[PDB]
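The structure under discussion appears below in the form of structure tokens.
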Ligand SMILES: Nc1ncnc2c1ncn2[C@H]1C[C@H](O)[C@@H](COP(=O)(O)OP(=O)(O)OP(=O)(O)O)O1
Ligand SMILES: Nc1ncnc2c1ncn2[C@H]1C[C@H](O)[C@@H](COP(=O)(O)OP(=O)(O)OP(=O)(O)O)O1
Ligand SMILES: Nc1ncnc2c1ncn2[C@H]1C[C@H](O)[C@@H](COP(=O)(O)OP(=O)(O)OP(=O)(O)O)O1
Ligand SMILES: Nc1ncnc2c1ncn2[C@H]1C[C@H](O)[C@@H](COP(=O)(O)OP(=O)(O)OP(=O)(O)O)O1
């Protein structure tokens, strides 16, 4: 019943020694943890050869790519991995990896893969042919300079791989059947699956023969809520719809028995016209979209609300409904004061900066509220009848440490390797049950790259989080990031000579995206910021012009490059902070079982106590301006999370909302208190 | 509650497949045993250096001798050990080593030393300076060509001799000193046996008042209580003593409450005069030895019974007692029919072949009934009074496989290494509570070498156990063994120039022991026997003459060389039979717990079923003649064990006893039925 030694040592840090914390004990706890639990459950082997032979003959490793080299080259790779003599810096830095991510045995009671093992297996998977490139991946990963995404880091060479799926539901019975089918298919693959209910007819409407026959959106939500309980995502909705009130009555603290969704989140799509009507204090008109489909032939949100709203008001054909926008934003503020639900996307900020609006305009987002790409709906006909295949969105992920990049200045080569890595991942991927995801993943070739460790590095260097210097720093940094990113994409496009489809329809072929960079140079405006990037080259606008010419030579290989995800579950292995959202508390406290695990933030010393500010004690406006400065280079959304208090006000909340709409923040997240 | 896989596979052998046994399953069980229990409890390490550093800093290895080399030489030794790719041949071949002998952890739940580890640590302990000699010890041990004794194999480099022989002089102070030394050695775990020759008997005068002595039974009672306090030996007695009947009434199936010894065994010393009196059917006279001590000044068994028996009969001073010898041997046969107790030593067979009778004559033996050396009694005076130190016997052990010696023909170099090994062991030994053991172990330098695996090798080659060919084979083999043994002892005596004390008093300096070997050559008398030793040199009697001259040059380093012990507890690791006693059953069956472990004898196939005879179905006379042929070269005793049946007869038993006395067998053991 006694608590073991390392947990007891980890509980020692809260003892006040001269008003401080016992940080130096922490390593000792880690030095306990590698003696009394880890090195007494590892399966023992003589050497490498039999080890790998035992790993093959019990159905663990996919033996194909592990047969495509010599034994000696793999031995050199493992030798390069063990030559680091790597150590962990913190207590959770081991515990989150040797409990869940690292490979266990069949009885789930022993440990096979060491920390070099998993990384070097990932390295040979990203190699696909070159030994020295695999060594480059090792030197990239073992210095904690790059982190692949969660399911890629889990399921490399075992018994799918991308945790993000985005679909559309056309309007038929057959379409709803196909949608529930594909959701149950992807549900066992563990990824993130979110739907959208734009083009559906509303409640109390005619079904092809008889008026007032449709049970509406709530029944489809009920079927999906039962559907994900069998094997957890969300769904979005554009606001110009009668049942939007019933779409928002689901998340309710006085929850109805039938109106009860504990699985799916919800979210609202809002263009500028509704914002205008809520500002100027006038009426609003939600519609019956099936009447619009009968009238104009198209669907509702496939046209501009700013161009067509009063025209639908003027049509006697479209049955309408008048409501109050201001009371509706008040109700949104109340429901976000309850929890923070739903989600919010401002599409006009997105499409006016989007490159690929010539295919379609972005209407929705994933569960992770980040990926904003084109989406064409399919049409699933009857059994012997053939179908028509639209386009879908499937985004594999991956971020990186800012800190070690700043330590080593190999940021270019870092992007060079990570781009090829995610490229080979999207090469490898195949799903054999949803054909539109198949066609789009072959077609669009969308990769997603981001970064964590913003708060901690700049807080450890002694720069406040609300400083303008950090905003200029992030501006110059992400400018150079996007520069080398497009540079590598153009290089690979020259290597293959095969861009994505309808490349001339993009703004990339015209250089309209490049028109921001031909002027308005992003040189550092502070000396202390300039000392940080001091020691390496920073490009000029003429380098952007040479880049524009080199793009105009061939083109770009990818259609999307960047994403920012709240990668907290693999934040702990990199032993760092979250992404760009600053930290909540200086000390995290968990109870694994009969235990009080005490996690300090990395870099917690006496001097930098003030730069480790608290999330409840910050200027939200400067945070939004930081995220807007970050937004200057990112194609997709940014995982912006609101940090609130009970003492705050929905007046101030909606002021922050309209402030972010005025700045141009794409999406937000669930709010915390 | 389910039986694990390897035990279930080991129980499969008794299934009759075509009237046979499932031998081929057995390896599979062993191949199970190294997957599901062993390789999932070994503490995992990166490489050698940290491993040894962790082993030092937790008080496991004595760090002195493990600091007397380079790291690289130790790495070469471990590399030579792992270069064998050694495997076990049987199921118990692992289970008796990874359960008790190999090193565990502090919580006794994990395993640190592998099978290479223990052997190579023993190798560096026997090295004491030379790397190549340590590699020679590795090449000796890892081919299973030599096995050191049990406590040396256990306690090398941790926190050493299992055989102690003492004498008890006659005072109160002496009995105090005896119980003191027995309790001192009792925590050291060795074998300790006493002897009660020079004590006065029951009902006798204690220095002032007649009929005051409680006798031998009270001292036995104190020793029986004494060994119950710590982590069990025995005691011997010469037969010419009144209380011998009470000395034999202790081991009784109708056991008295007071007369009850469940700890100490007992044993009888018999010279030729009592054998003569029992043959010729006359009277016998046991004595009161304290009267003899008052009369002649010496003690009783320090003079010849054949020279002095009728002279003590003729003395009116010595009070005597007349008894029947024939009924006494009948009672001995009855008590051995009960269990097999007591032990029996025929000293006149021993002393007439003993080399060192000029110091004293052997009067007794150890617990293991094998070591027969000189022994001078001490005299423990009062507190401020100084004492006088006698001589004691302490024999470290060690045997070898016959089989691998026959495989490799390196018998000479084998003896060369094993002699230096036991030499360094007797160098290392020190006890700091019994001064006479200290003085004798510095003085006499007695080593003990033997052999196991007689029955199995010659049974596997297809030669019957009762054959004369095996007797000639063993004669030639042990002749060459003793030849190279004395050769190496003379070499080491030349190396040091320091023989043991009173070397000129021995028969070795006079060559009287060598007079057997100057003639009567032991050439093989059979062709099939000659093919076995074919391929190597066998010496001649002129080589014995050169040996005699080389001995006469310097001398011999040791005073004793050979011993034969029932080394069953380390028989299983060598994966072989016992020593020269043939096997009891073809299959051993044990119950570890909720289990039926089935051990086959090694080499059990269909063809050699007949040469694997049964111990209850053999000629005892040919066994005694085999042991007498073995006795032709051994200085000490031989662990001869009787194998009896309930259908046998004490008439036949006593006939076998007198037959062995007529042949010249030194000692016997407890009998089995
Ligand atoms: N933070 C850690 N990360 C990884 N392994 C660790 C960590 N802490 C301890 N260990 C591992 C390494 C070793 O196998 C064992 C402890 O040995 P360790 O002392 O850490 O290495 P070391 O040999 O380089 O230092 P030293 O020479 O002082 O012993 O457990
Ligand atoms: N029995 C039903 N109960 C509720 N809703 C239904 C039922 N049958 C059909 N629907 C709903 C869901 C469908 O998306 C929608 C129209 O159904 P469906 O017959 O598949 O369309 P359709 O392609 O045949 O022609 P139309 O565009 O005129 O509706 O109404
Ligand atoms: N009898 C045994 N003695 C010692 N180790 C054994 C024994 N049986 C199995 N093992 C050990 C050796 C390995 O660490 C593991 C089993 O691998 P094992 O197959 O025996 O060796 P191997 O690699 O030489 O043969 P193979 O190439 O066919 O796999 O457990
Ligand atoms: N109180 C006693 N009860 C029983 N036995 C005793 C007792 N005292 C002494 N003895 C026994 C054990 C001794 O070995 C033996 C003689 O005792 P002890 O006085 O020590 O001999 P001693 O050296 O003084 O002279 P002596 O040779 O005449 O006996 O008798």
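Note down all Cβ pairs under 6 Å where the first residue falls in region B:43-62 and is facing chain A (nearest Cβ under 9 Å), the second is part of a helix (DSSP H, G or I), and they're at least six residues apart or on different chains. Listed pairs, sorted by first residue: B:45/B:51.
Per the conditions (1) more than 16 Å from ligand 2 (Cβ to nearest atom); (2) surrounded by fewer than 19 Cβ atoms within 10 Å (Cβ to Cβ), the sole criterion not satisfied by residue A:274 is (2). Of the helices (runs of 4 or more DSSP H) lying entirely inside region B:323-438, the ones with 3 or more residues being under 29 Å from residue B:62 (Cα atoms) are found at B:411-428.
For every residue, the table says whether it meets (1) outside the structural domain of residue A:65 (by CATH); (2) under 30 Å from residue A:287 (Cα atoms); (3) within 16 Å of ligand 4 (Cβ to nearest atom).
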residue: A:118; (1), (2), (3): no, no, no
residue: A:153; (1), (2), (3): yes, no, no
residue: A:160; (1), (2), (3): yes, no, no
residue: A:171; (1), (2), (3): yes, yes, no
residue: A:186; (1), (2), (3): yes, no, no
residue: A:206; (1), (2), (3): yes, yes, no
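Inside region A:41-51, residues that are away from ligand 1 (no atom under 11 Å from the Cβ) and closer than 17 Å to residue B:109 by Cα make up a count of 3.
Among the conditions (1) under 16 Å from the mean Cα position of the chain (by Cα); (2) surrounded by 20 or more Cβ atoms within 10 Å (Cβ to Cβ), the only one that residue B:657 does not satisfy is (1). Output the residue which, of all residues in region B:1-24 that are in contact with a helix residue (DSSP H, G or I) (Cβ under 7 Å, 6 or more places away or on another chain) and farther than 16 Å from residue B:606 by Cβ, is surrounded by the fewest Cβ atoms within 10 Å (Cβ to Cβ). In this case the residue turns out to be B:4. Looking for something under 23 Å from the mean Cα position of the chain (by Cα), in the same structural domain as residue A:175 (by CATH), under 24 Å from residue A:126 (Cβ atoms) and part of a helix (DSSP H, G or I) - is there at least one such residue anywhere in region A:444-453? For region A:444-453, residues under 23 Å from the mean Cα position of the chain (by Cα), in the same structural domain as residue A:175 (by CATH), under 24 Å from residue A:126 (Cβ atoms) and part of a helix (DSSP H, G or I): absent.
Restricted to region A:153-188, and to residues there that are under 18 Å from the mean Cα position of the chain (by Cα), part of a loop (DSSP other than H, G, I, E, B) and more than 16 Å from ligand 2 (Cβ to nearest atom), the residue that is farthest from the other protein chains (Cβ to nearest Cβ) is A:164. Residue A:593 falls short of the stated requirement of being in a loop (DSSP other than H, G, I, E, B) and surrounded by 13 or more Cβ atoms within 10 Å (Cβ to Cβ). Within region A:25-36, the set of residues being surrounded by fewer than 16 Cβ atoms within 10 Å (Cβ to Cβ) and within 14 Å of chain B (Cβ to nearest Cβ) comprises A:31, A:34, A:35, A:36.
Selection of region B:63-105 for residues being over 23 Å from residue B:150 (Cβ atoms) and within 14 Å of another protein chain (Cβ to nearest Cβ) yields B:78, B:79, B:82, B:83, B:84, B:85, B:87. Residues satisfying the criterion are present in region A:81-104 (criterion: more than 16 Å from ligand 3 (Cβ to nearest atom), within 15 Å of residue A:157 (Cα to Cα) and in a strand (DSSP E or B)).
The values are calculated or read from the model by the stated rules, or taken from the named source; none is laboratory data. When we count neighbours, we look across all protein chains shown, and the Cβ atoms used for this are built from the backbone with ideal geometry, even at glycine.
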